[PDB]
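Since the structure comes first, as structure tokens, the remarks are kept for the end.
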Amino acid sequence: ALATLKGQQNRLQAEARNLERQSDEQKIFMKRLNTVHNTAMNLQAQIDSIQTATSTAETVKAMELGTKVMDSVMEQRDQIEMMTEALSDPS
Amino acid sequence: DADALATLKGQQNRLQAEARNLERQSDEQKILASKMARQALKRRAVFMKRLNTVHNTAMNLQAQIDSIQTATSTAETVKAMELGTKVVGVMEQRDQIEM
Amino acid sequence: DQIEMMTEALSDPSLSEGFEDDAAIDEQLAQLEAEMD
Amino acid sequence: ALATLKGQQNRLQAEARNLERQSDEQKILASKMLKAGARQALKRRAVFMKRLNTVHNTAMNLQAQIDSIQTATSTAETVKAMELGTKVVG
Amino acid sequence: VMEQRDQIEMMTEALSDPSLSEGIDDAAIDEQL
Amino acid sequence: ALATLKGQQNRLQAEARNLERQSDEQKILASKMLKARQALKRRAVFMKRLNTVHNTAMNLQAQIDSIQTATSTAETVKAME
Amino acid sequence: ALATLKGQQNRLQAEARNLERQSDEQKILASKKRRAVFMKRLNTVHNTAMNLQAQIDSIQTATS
């Protein structure tokens, strides 16, 4: 489906080039060319968005699989610090 | 998890390539507007906002992966650190004698 | 849907950049100008 | 644990080095622009400066933590020796 | 998932105490100057 | 334990040497720039650290001296009394 | 034990001599308060040495 979507966008480009050639001939269709280009651009945006979402989903799923004493030390250090400071104290 | 990291880095490089594109087309839109103009202005403004968005994604993801690494390292080390500290867990007489 | 809910849930700002002082940047502008001045 | 502390220190130092280097380039950038460009360069280098300041503080904290481990061993030895002093003087 | 982030944040705030460090004279600065 | 304490004492001495070295660097910076308050604050912080480590080393040395003296004096003033 | 105490007092006189050197260093630096403080420290070390010598004499008496 993705490959055929790319091919159909290429077909939209072909129709657009044919339509601009026809418009040049008529000057010597613009609405049709505009809508063909809009179709191509919308499908391009769709494929870009889906690719971005798929890559984001894959990487975030991998990272989500990846992600899937204080009291004693503080008290002893504080009291010992106080006592040793009192020791050093020559006041 | 290493695969997650590599995939995130690859997607980030994809974002960077997209930003390089965006700035390129911004260049061509500026040139096209000068050669012409309002439509080129529209498209270059869209390009500029897209560039800002991709830059924001880049910076946010870099900060996020940095947080990942810092938190992982700190959490891993602290467990053993606190296990170690858990395993770890005359004054008057001198004064009198000198005098 | 579920994809969007994953995005919103895993934003985790506390994990990632979760204040500014215009006065500091202004005084640093002035300092740079004085240096050049 | 010690090895991962050393590795985190090396990572933190490399991140710092990148930060102040970047800040130097952005300082040159702000100087060369010097008003809106000056604002932008100052904002960017200020983000880098804040990053560098938290990095400096974090390095201080981790070094203090390692020193705290060593001093914890030291005070364990000291309290052992001063228990020995307790018993002998008693 | 979320609980991991919350607990790492709690541990960081608990261990980020300046009490590990100094944690606490301009006149003396001026005198030495 | 005695060897551990001796190694810790040597480590503290090296720490003090580095602290006085960086304090000297900061103070010479301050002198050059006065030829200032910010560098004075920095060197003062480093000076607080240096004198702190000096106190630690002095206390540890006096501590090992005190334990050896405690053994010896226990013996002696026991003999006297 | 007598030898151990003699070595300890020798260490005390070593401390006292280094303190004397440091006091002279302070004198010469001044010539070119801290000296008084370090002289007090020297007095502490000297007093420790003197007490150690006195108890050494007491040991010599008692053991003999």
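Labels used: A, B, ... for chains in the order of the structure tokens, numbers from 1 for residues in each chain, and numbers from 1 for ligands as shown.
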Practice item. Might you pull out every residue within 12 Å of residue 7 in chain F, with only C-alpha atoms counted and same-chain residues fewer than 3 positions away left off, and present them as a PyMOL selection string? Key: (chain D and resi 70+73-74) or (chain F and resi 1-4+10-14+57+60-61)
At most 9 Å to chain B: residues in chain E, only C-alpha atoms, as a PyMOL selection string:
chain E and resi 5+8-9+11-12
Export, as a PDB file, in the first residue's frame, the selected residues with C-alpha atoms.
ATOM      1  CA  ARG E   5      10.360   8.716  37.208  1.00  0.00           C
ATOM      2  CA  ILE E   8      14.141   8.880  40.830  1.00  0.00           C
ATOM      3  CA  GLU E   9      12.898  12.446  41.314  1.00  0.00           C
ATOM      4  CA  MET E  11      15.708  10.280  45.456  1.00  0.00           C
ATOM      5  CA  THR E  12      17.311  13.194  43.601  1.00  0.00           C
TER       6      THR E  12
END
- request: Report as a PyMOL selection string: the residues of range 3-36 of chain C with a DSSP assignment of alpha helix (DSSP H), based on the backbone of this structure.
  value: chain C and resi 3-10+22-36
I'd like the contact shell of range 8-12 of chain C - 12 Å cut-off, only C-alpha atoms, skipping same-chain residues fewer than 4 positions apart - returned as a PDB file with N, CA and C atoms, in the first residue's frame.
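This went into part36.pdb:
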ATOM      1  N   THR A  56       8.397   7.340  15.923  1.00  0.00           N
ATOM      2  CA  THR A  56       8.261   7.759  17.312  1.00  0.00           C
ATOM      3  C   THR A  56       7.709   6.628  18.168  1.00  0.00           C
ATOM      4  N   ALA A  57       6.693   5.922  17.669  1.00  0.00           N
ATOM      5  CA  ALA A  57       6.111   4.823  18.428  1.00  0.00           C
ATOM      6  C   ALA A  57       7.130   3.718  18.658  1.00  0.00           C
ATOM      7  N   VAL A  60       9.850   5.021  21.192  1.00  0.00           N
ATOM      8  CA  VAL A  60       9.306   5.200  22.533  1.00  0.00           C
ATOM      9  C   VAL A  60       8.937   3.856  23.143  1.00  0.00           C
ATOM     10  N   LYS A  61       8.475   2.901  22.329  1.00  0.00           N
ATOM     11  CA  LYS A  61       8.209   1.568  22.857  1.00  0.00           C
ATOM     12  C   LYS A  61       9.495   0.898  23.316  1.00  0.00           C
ATOM     13  N   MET A  63      12.218   2.420  24.372  1.00  0.00           N
ATOM     14  CA  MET A  63      12.624   3.078  25.612  1.00  0.00           C
ATOM     15  C   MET A  63      11.694   2.742  26.768  1.00  0.00           C
ATOM     16  N   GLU A  64      10.416   2.494  26.493  1.00  0.00           N
ATOM     17  CA  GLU A  64       9.494   2.133  27.560  1.00  0.00           C
ATOM     18  C   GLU A  64       9.769   0.722  28.051  1.00  0.00           C
ATOM     19  N   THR A  67      12.778   1.311  30.326  1.00  0.00           N
ATOM     20  CA  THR A  67      12.437   1.839  31.643  1.00  0.00           C
ATOM     21  C   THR A  67      11.613   0.838  32.445  1.00  0.00           C
TER      22      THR A  67
ATOM     23  N   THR B  57      12.252  20.164  19.082  1.00  0.00           N
ATOM     24  CA  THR B  57      12.284  18.714  19.246  1.00  0.00           C
ATOM     25  C   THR B  57      13.700  18.238  19.529  1.00  0.00           C
ATOM     26  N   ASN B  60      14.780  19.329  23.131  1.00  0.00           N
ATOM     27  CA  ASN B  60      14.030  18.588  24.136  1.00  0.00           C
ATOM     28  C   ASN B  60      14.477  17.135  24.195  1.00  0.00           C
ATOM     29  N   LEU B  61      14.671  16.503  23.037  1.00  0.00           N
ATOM     30  CA  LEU B  61      15.079  15.104  23.024  1.00  0.00           C
ATOM     31  C   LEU B  61      16.496  14.938  23.555  1.00  0.00           C
ATOM     32  N   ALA B  63      17.906  16.884  25.860  1.00  0.00           N
ATOM     33  CA  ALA B  63      17.762  16.992  27.307  1.00  0.00           C
ATOM     34  C   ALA B  63      17.151  15.724  27.887  1.00  0.00           C
ATOM     35  N   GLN B  64      16.210  15.119  27.165  1.00  0.00           N
ATOM     36  CA  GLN B  64      15.518  13.936  27.664  1.00  0.00           C
ATOM     37  C   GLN B  64      16.457  12.737  27.726  1.00  0.00           C
ATOM     38  N   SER B  67      18.826  13.264  30.579  1.00  0.00           N
ATOM     39  CA  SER B  67      18.157  12.866  31.810  1.00  0.00           C
ATOM     40  C   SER B  67      18.121  11.351  31.942  1.00  0.00           C
ATOM     41  N   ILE B  68      17.846  10.647  30.840  1.00  0.00           N
ATOM     42  CA  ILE B  68      17.851   9.186  30.870  1.00  0.00           C
ATOM     43  C   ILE B  68      19.184   8.686  31.403  1.00  0.00           C
TER      44      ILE B  68
ATOM     45  N   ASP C   1      -5.097   7.608  18.909  1.00  0.00           N
ATOM     46  CA  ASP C   1      -5.653   7.736  20.252  1.00  0.00           C
ATOM     47  C   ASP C   1      -4.660   7.235  21.292  1.00  0.00           C
ATOM     48  N   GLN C   2      -4.475   5.914  21.343  1.00  0.00           N
ATOM     49  CA  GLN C   2      -3.511   5.340  22.276  1.00  0.00           C
ATOM     50  C   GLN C   2      -2.130   5.944  22.066  1.00  0.00           C
ATOM     51  N   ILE C   3      -1.763   6.197  20.809  1.00  0.00           N
ATOM     52  CA  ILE C   3      -0.479   6.828  20.515  1.00  0.00           C
ATOM     53  C   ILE C   3      -0.409   8.204  21.167  1.00  0.00           C
ATOM     54  N   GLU C   4      -1.470   8.999  21.008  1.00  0.00           N
ATOM     55  CA  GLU C   4      -1.502  10.327  21.609  1.00  0.00           C
ATOM     56  C   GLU C   4      -1.443  10.241  23.128  1.00  0.00           C
ATOM     57  N   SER C  16      12.231  15.813  32.046  1.00  0.00           N
ATOM     58  CA  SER C  16      12.851  16.635  31.010  1.00  0.00           C
ATOM     59  C   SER C  16      12.416  18.085  31.183  1.00  0.00           C
ATOM     60  N   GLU C  17      13.379  18.951  31.513  1.00  0.00           N
ATOM     61  CA  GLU C  17      13.142  20.383  31.736  1.00  0.00           C
ATOM     62  C   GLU C  17      11.807  20.644  32.433  1.00  0.00           C
ATOM     63  N   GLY C  18      11.568  19.929  33.529  1.00  0.00           N
ATOM     64  CA  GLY C  18      10.410  20.199  34.361  1.00  0.00           C
ATOM     65  C   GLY C  18      10.789  20.521  35.791  1.00  0.00           C
TER      66      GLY C  18
ATOM     67  N   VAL E   1       6.386   2.540  35.035  1.00  0.00           N
ATOM     68  CA  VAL E   1       6.999   3.563  34.200  1.00  0.00           C
ATOM     69  C   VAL E   1       7.015   4.892  34.946  1.00  0.00           C
ATOM     70  N   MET E   2       5.832   5.483  35.123  1.00  0.00           N
ATOM     71  CA  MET E   2       5.742   6.762  35.821  1.00  0.00           C
ATOM     72  C   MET E   2       6.347   6.671  37.213  1.00  0.00           C
ATOM     73  N   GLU E   3       6.054   5.587  37.935  1.00  0.00           N
ATOM     74  CA  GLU E   3       6.576   5.451  39.288  1.00  0.00           C
ATOM     75  C   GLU E   3       8.097   5.486  39.292  1.00  0.00           C
ATOM     76  N   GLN E   4       8.728   4.962  38.239  1.00  0.00           N
ATOM     77  CA  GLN E   4      10.182   5.037  38.142  1.00  0.00           C
ATOM     78  C   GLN E   4      10.642   6.488  38.123  1.00  0.00           C
ATOM     79  N   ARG E   5       9.994   7.307  37.292  1.00  0.00           N
ATOM     80  CA  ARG E   5      10.360   8.716  37.208  1.00  0.00           C
ATOM     81  C   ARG E   5      10.126   9.413  38.542  1.00  0.00           C
ATOM     82  N   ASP E   6       8.994   9.124  39.184  1.00  0.00           N
ATOM     83  CA  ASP E   6       8.686   9.765  40.457  1.00  0.00           C
ATOM     84  C   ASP E   6       9.700   9.383  41.528  1.00  0.00           C
ATOM     85  N   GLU E   9      13.002  11.041  40.929  1.00  0.00           N
ATOM     86  CA  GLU E   9      12.898  12.446  41.314  1.00  0.00           C
ATOM     87  C   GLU E   9      12.953  12.604  42.829  1.00  0.00           C
TER      88      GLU E   9
END
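Residues of chain F lying within 10 Å of chain G, counting only C-alpha atoms, are residues 65, 68, 69, 72, 73, 75, 76, 77, 79 and 80 of chain F.
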Kindly assemble as a tab-separated table a list of the chain A residues that lie within 9 Å of chain F, each paired with its nearest atom pair and their distance in Å to one decimal, using only C-alpha atoms, sorted first by chain and then by ascending residue number.
residue	atom	partner	partner_atom	distance
A:84	CA	F:59	CA	8.0
A:85	CA	F:55	CA	8.8
A:87	CA	F:59	CA	7.8
A:88	CA	F:55	CA	6.6
Just-selected residues, N, CA and C atoms written as a short mmCIF file (atom, residue, chain, number, x, y, z; two decimals), in the first residue's frame:
data_model
loop_
_atom_site.label_atom_id
_atom_site.label_comp_id
_atom_site.auth_asym_id
_atom_site.auth_seq_id
_atom_site.Cartn_x
_atom_site.Cartn_y
_atom_site.Cartn_z
N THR A 84 33.43 16.56 66.26
CA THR A 84 34.81 16.82 65.84
C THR A 84 35.06 18.32 65.70
N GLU A 85 34.05 19.08 65.27
CA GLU A 85 34.19 20.53 65.25
C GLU A 85 34.40 21.07 66.65
N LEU A 87 35.81 19.45 68.99
CA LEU A 87 37.20 19.10 69.28
C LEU A 87 38.17 20.13 68.72
N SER A 88 38.11 20.38 67.42
CA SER A 88 39.02 21.36 66.83
C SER A 88 38.91 22.70 67.54
#
Tell me, as a compact mmCIF listing (two decimals) with C-alpha atoms, in the first residue's frame, which residues lie within 12 Å of residue 21 in chain C, counting only C-alpha atoms; anything in the same chain fewer than 3 positions away does not count.
# COMPACT_ATOMS: atom_id res chain seq x y z
CA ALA C 24 20.36 39.45 34.52
CA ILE C 25 20.43 39.38 30.72
CA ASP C 26 19.79 43.14 30.60
CA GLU C 27 22.65 43.94 32.99
CA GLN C 28 24.88 41.57 31.01
CA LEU D 42 22.72 36.39 25.27
CA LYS D 43 19.73 34.09 25.80
CA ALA D 46 22.73 32.18 29.25
CA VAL D 47 21.11 28.79 28.78
CA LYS D 50 23.00 27.89 33.54
Pick out the chain B residues within 8 Å of chain D. Count only C-alpha atoms. Give them as an mmCIF file with N, CA and C atoms, in the first residue's frame.
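Dumped to part13.cif:
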data_model
loop_
_atom_site.group_PDB
_atom_site.id
_atom_site.type_symbol
_atom_site.label_atom_id
_atom_site.label_comp_id
_atom_site.auth_asym_id
_atom_site.auth_seq_id
_atom_site.Cartn_x
_atom_site.Cartn_y
_atom_site.Cartn_z
ATOM 1 N N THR B 70 21.731 10.254 32.990
ATOM 2 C CA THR B 70 22.062 10.673 34.347
ATOM 3 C C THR B 70 21.276 9.865 35.370
ATOM 4 N N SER B 73 22.481 6.108 35.498
ATOM 5 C CA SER B 73 23.765 5.944 36.171
ATOM 6 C C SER B 73 23.629 6.181 37.669
ATOM 7 N N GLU B 76 21.651 3.323 39.381
ATOM 8 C CA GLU B 76 22.428 2.090 39.421
ATOM 9 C C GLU B 76 23.524 2.168 40.474
ATOM 10 N N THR B 77 24.268 3.277 40.503
ATOM 11 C CA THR B 77 25.389 3.366 41.433
ATOM 12 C C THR B 77 24.906 3.494 42.872
ATOM 13 N N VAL B 78 23.854 4.285 43.103
ATOM 14 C CA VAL B 78 23.457 4.616 44.464
ATOM 15 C C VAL B 78 23.074 3.367 45.239
ATOM 16 N N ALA B 80 24.386 0.319 45.234
ATOM 17 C CA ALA B 80 25.596 -0.258 45.813
ATOM 18 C C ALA B 80 26.263 0.714 46.777
ATOM 19 N N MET B 81 26.217 2.010 46.468
ATOM 20 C CA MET B 81 26.798 3.012 47.354
ATOM 21 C C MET B 81 26.168 2.940 48.740
ATOM 22 N N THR B 85 27.531 1.961 52.494
ATOM 23 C CA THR B 85 27.412 2.783 53.694
ATOM 24 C C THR B 85 26.530 2.120 54.747
ATOM 25 N N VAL B 88 28.805 -0.049 56.506
ATOM 26 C CA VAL B 88 29.518 0.846 57.416
ATOM 27 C C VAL B 88 28.684 1.107 58.666
#
Counting only C-alpha atoms, which residues of chain F sit at most 8 Å from some atom of chain D, and what is each one's closest atom pair with its distance in Å to one decimal, listed by chain and rising residue number, as a Markdown table?
| residue | atom | partner | partner_atom | distance |
| --- | --- | --- | --- | --- |
| F:1 | CA | D:77 | CA | 6.7 |
| F:5 | CA | D:74 | CA | 7.0 |
| F:8 | CA | D:74 | CA | 7.2 |
| F:63 | CA | D:78 | CA | 7.9 |
| F:67 | CA | D:85 | CA | 5.9 |
| F:70 | CA | D:85 | CA | 6.1 |
| F:71 | CA | D:88 | CA | 6.4 |
| F:74 | CA | D:89 | CA | 5.6 |
Point to revise | Residue hits in chain A, query chain D, radius 9 Å, only C-alpha atoms, as an MDAnalysis selection string | key: chainID A and resid 73 77 80
Any chance you can output those residues with N, CA, C and O atoms as a PDB file, in the first residue's frame?
ATOM      1  N   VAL A  73      23.060   7.474  57.708  1.00  0.00           N
ATOM      2  CA  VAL A  73      24.280   8.156  57.293  1.00  0.00           C
ATOM      3  C   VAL A  73      24.205   9.634  57.644  1.00  0.00           C
ATOM      4  O   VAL A  73      25.157  10.207  58.188  1.00  0.00           O
ATOM      5  N   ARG A  77      26.765  11.224  60.378  1.00  0.00           N
ATOM      6  CA  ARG A  77      27.709  12.216  59.881  1.00  0.00           C
ATOM      7  C   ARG A  77      27.499  13.557  60.566  1.00  0.00           C
ATOM      8  O   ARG A  77      28.466  14.222  60.941  1.00  0.00           O
ATOM      9  N   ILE A  80      28.721  13.350  64.294  1.00  0.00           N
ATOM     10  CA  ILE A  80      30.173  13.219  64.349  1.00  0.00           C
ATOM     11  C   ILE A  80      30.839  14.516  63.909  1.00  0.00           C
ATOM     12  O   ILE A  80      31.869  14.921  64.459  1.00  0.00           O
TER      13      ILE A  80
END
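Here CA of residue 41 in chain F and CA of residue 24 in chain E stand 14.7 Å from one another.
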List the spatial neighbours of residue 9 in chain D as number ranges by chain - criterion: any atom at most 9 Å away, only C-alpha atoms, same-chain residues fewer than 6 positions off excluded.
D: 59, 62-63
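If you look at CA of residue 58 in chain B and CA of residue 13 in chain B, they are 9.1 Å away from each other.
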Proximal residues of chain B relative to chain F (only C-alpha atoms; 12 Å) as a compact mmCIF listing (two decimals) with N, CA and C atoms, in the first residue's frame:
# COMPACT_ATOMS: atom_id res chain seq x y z
N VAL B 90 38.44 12.56 77.68
CA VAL B 90 39.81 12.93 77.33
C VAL B 90 39.90 14.44 77.16
N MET B 91 38.86 15.07 76.62
CA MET B 91 38.88 16.52 76.48
C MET B 91 39.06 17.19 77.84
N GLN B 93 39.98 15.83 80.62
CA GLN B 93 41.17 15.34 81.31
C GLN B 93 42.42 16.06 80.82
N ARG B 94 42.57 16.21 79.50
CA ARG B 94 43.68 17.00 79.00
C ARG B 94 43.62 18.40 79.60
* **Test item: chain F residues at most 9 Å from chain E, counting only C-alpha atoms, as a PyMOL selection string** => chain F and resi 30+34+36-37+40-41+44
Output C-alpha atoms for every residue in that selection, as a CSV table (one decimal), in the first residue's frame.
chain,number,residue,atom,x,y,z
F,30,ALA,CA,42.9,38.8,42.6
F,34,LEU,CA,43.2,44.7,41.5
F,36,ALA,CA,38.5,41.7,42.6
F,37,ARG,CA,35.6,41.1,45.0
F,40,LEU,CA,38.2,37.4,46.6
F,41,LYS,CA,35.0,35.5,47.4
F,44,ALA,CA,37.8,32.9,50.4
request  = Within 10 Å of chain B, which residues of chain G are there when counting only C-alpha atoms? Please give them as a PyMOL selection string.
outcome  = chain G and resi 43-44+47-48+51
Please produce a file of those selected residues containing N, CA, C and O atoms, as a CSV table (one decimal), in the first residue's frame.
chain,number,residue,atom,x,y,z
G,43,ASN,N,54.1,25.4,73.4
G,43,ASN,CA,54.0,25.2,74.9
G,43,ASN,C,53.3,24.0,75.2
G,43,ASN,O,53.6,23.2,76.1
G,44,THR,N,52.2,23.7,74.5
G,44,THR,CA,51.4,22.5,74.7
G,44,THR,C,52.3,21.3,74.4
G,44,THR,O,52.4,20.3,75.2
G,47,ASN,N,54.9,20.9,77.1
G,47,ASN,CA,54.3,20.4,78.4
G,47,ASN,C,54.0,18.9,78.2
G,47,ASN,O,54.2,18.1,79.2
G,48,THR,N,53.5,18.4,77.1
G,48,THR,CA,53.3,17.0,76.9
G,48,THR,C,54.7,16.3,77.0
G,48,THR,O,54.7,15.2,77.7
G,51,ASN,N,55.6,16.2,80.8
G,51,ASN,CA,54.8,15.2,81.5
G,51,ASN,C,55.2,13.8,81.2
G,51,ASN,O,55.3,12.9,82.0
Shell of 12 Å around residue 34 in chain G, only C-alpha atoms, local chain residues under 4 positions omitted, as a PDB file with C-alpha atoms, in the first residue's frame:
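As a result, around26.pdb now contains:
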ATOM      1  CA  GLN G  22      58.081  27.519  62.722  1.00  0.00           C
ATOM      2  CA  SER G  23      58.125  30.243  65.381  1.00  0.00           C
ATOM      3  CA  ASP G  24      61.463  31.457  64.023  1.00  0.00           C
ATOM      4  CA  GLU G  25      59.910  31.334  60.547  1.00  0.00           C
ATOM      5  CA  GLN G  26      57.106  33.589  61.763  1.00  0.00           C
ATOM      6  CA  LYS G  27      59.686  35.922  63.305  1.00  0.00           C
ATOM      7  CA  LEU G  29      58.452  36.609  58.016  1.00  0.00           C
ATOM      8  CA  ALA G  30      57.369  39.455  60.298  1.00  0.00           C
ATOM      9  CA  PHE G  38      51.940  28.743  67.408  1.00  0.00           C
ATOM     10  CA  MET G  39      54.142  29.476  70.424  1.00  0.00           C
ATOM     11  CA  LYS G  40      51.193  28.434  72.576  1.00  0.00           C
ATOM     12  CA  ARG G  41      51.064  25.245  70.506  1.00  0.00           C
TER      13      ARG G  41
END
